[PDB]
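Student: what would the 3D arrangement of this be:
(2 chains)
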Amino acid sequence: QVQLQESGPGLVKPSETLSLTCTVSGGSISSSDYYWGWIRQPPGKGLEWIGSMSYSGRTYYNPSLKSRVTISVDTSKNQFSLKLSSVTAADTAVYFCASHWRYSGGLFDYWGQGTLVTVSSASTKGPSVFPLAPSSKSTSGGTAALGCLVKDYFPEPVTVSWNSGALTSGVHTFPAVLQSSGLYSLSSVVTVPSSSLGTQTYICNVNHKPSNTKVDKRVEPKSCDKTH
Amino acid sequence: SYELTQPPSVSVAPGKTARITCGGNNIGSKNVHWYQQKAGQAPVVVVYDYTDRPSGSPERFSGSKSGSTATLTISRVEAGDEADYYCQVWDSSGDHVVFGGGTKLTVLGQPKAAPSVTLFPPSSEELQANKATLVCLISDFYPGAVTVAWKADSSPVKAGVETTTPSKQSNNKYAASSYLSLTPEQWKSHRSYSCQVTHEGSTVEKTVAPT
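Tutor: Numbers count the residues shown, from 1 in each chain, chains lettered A, B, ... in the order given. The protein structure is shown below:
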């Protein structure tokens, strides 16, 4: 019966102030039977409740967040809102609004879809890529491991070819971590013939279109394990 | 303040019964609701723990309560039951909402596989650039749910860590990665460092040293 949808800015500059809005239909914001809630979820982590507000006036808060959160309702538009202040990289998350059914101790029975909020500068930054060299350890006999580290870039996405697409057998390119600083890192690996490590050439081709850079990176074995 | 404790991962064969636990200091005396959430969706409540009348849930879902461990029991479990389940309570200490950390329920549909781990130390290049990253690659594993601890001064490190969540790969198992962000001298100090991947009560460990 109750439906919710969030409106937000996508990207928010550090230190500044996040402001979301939620639109409801199928119930009035003014019901004594409901509270109205904000719930966030950082990517691949858990659900964190932010706060809940009643028309009546009562407002409940997440204790580690009370300091910086503000919540407001508007009966005329049948909407409600959130403001999160002095916003940091650790605030990047999907933010949900939900109806907060006041009974049985409180549950959220109707949810908006998400809205992702990344807090980061709007700036654009290509990546430094370094070689992940193959080791005596990076071998389980015949199969060796080696790759490229694609560190500190923004924003998504990044594309990683090997040699030049000329090698695609045994290449898993991992998803990227956003890491508290505002930046992304990813790695791409490739398994190879260890017997011919010292005769071949393995080159990462890293493309980050949002910066028009495109890095080639040759990954030679560990020089001190050279085989001559 | 008040905490709810959930296992990070749980795997059942189809048709078998899944038990998901939620630990809180006498959780038994409070309403305990459960939420299902599938990838890229919002949570749906799957246990309405109504006060003073029967529960609400789809067939074969049932929330049970005992002292200090609520339980979400899914019987004759089905593939489409694969999800993260969250328990939620009200800590009226307090006056706030509390969720557990969530549990990936995996409905076993292919043979179990331990993780193939691979740790990479900082590159000499990156070191010369006044940085240092450790890189733990985890691959060829099912179900897709690992937890990763870094340390090895044997002391738990955390604080430098970021870890991806598992993802389907080419050969239909799962892959994941963790990073321990250092500075060259931090790397220099300790004799060792280890990435230790827990996977279904198992543990594959790897270690590196500034040799």
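
Student: domain ranges for the chain, per the record?
Tutor: The chain I'm using is chain A. Each structural domain of chain A that the record assigns through curated CATH domains is listed here as a residue range: A:1-121, A:122-219.

Student: wrong one, I was asking about chain B
Tutor: For chain B, whose domains are defined here by curated CATH domains, the residue ranges read B:1-109, B:110-211.

Student: what about the longest one, start to end distance?
Tutor: Between the opening and closing residues of domain B:1-109 there is a gap of 39 Å (C-alpha to C-alpha, to the nearest Å).

Student: try the shortest one
Tutor: End-to-end distance for domain B:110-211, by C-alpha to C-alpha: 41 Å.

Student: what do you get for stretch A:96-109?
Tutor: As for stretch A:96-109, its first-to-last residue distance stands at 12 Å under the measure C-alpha to C-alpha.

Student: do that stretch and chain B meet?
Tutor: Yes: using C-beta under 8 Å from any C-beta of the partner chain, a contact is recorded between stretch A:96-109 and chain B, made by A:96, A:98, A:103-109. (C-beta placed from N, C-alpha, C; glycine too.)

Student: for that stretch, buried residues please.
Tutor: By neighbour count, and taking 16 or more other C-beta atoms under 10 Å in any protein chain shown as the criterion, the buried residues in stretch A:96-109 are A:96-102, A:104-109.

Student: just the residues of stretch A:96-109 next to chain B: which are in strands?
Tutor: By the criterion of DSSP state E, membership of the residues of stretch A:96-109 next to chain B in strands covers A:96, A:98, A:107-109.

Student: what is the most widely separated pair among those?
Tutor: Of all pairs drawn from these, the one with the largest separation by C-beta to C-beta is A:96 and A:107; the distance is 13.8 Å.

Student: burial measure for residue 30, as a count.
Tutor: Assuming you mean chain A. Applying other C-beta atoms under 10 Å in any protein chain shown, we find 12 other residues in the vicinity of residue A:30.

Student: meant chain B actually
Tutor: For residue B:30, the count of nearby residues is 19 (other C-beta under 10 Å).

Student: distance check, residue B:103 against chain A.
Tutor: In this view, residue B:103 and chain A are 10 Å apart by C-beta to the nearest C-beta, to the nearest Å.

Student: that residue: what's it in contact with?
Tutor: Contact criterion C-beta atoms under 8 Å, 6 or more residues apart in numbering or on different chains gives B:6-10, B:20, B:84-86 as the residues in contact with residue B:103.

Student: which of the residues you listed are buried?
Tutor: For those, a neighbour count by 16+ other C-beta under 10 Å gives the buried set as B:6-7, B:9-10, B:20, B:84-86.

Student: quick revisit: of all the domains of chain B, which lies closest to residue A:150?
Tutor: Relative to residue A:150, the nearest member of the domains of chain B by C-beta to C-beta is domain B:110-211, separated by 10.5 Å.

Student: run the chain-centre distance for that closest one.
Tutor: Here the centre of mass of C-alpha atoms in domain B:110-211, compared against the chain's by C-alpha atoms, centre = their mean, to the nearest Å, lies 16 Å away.
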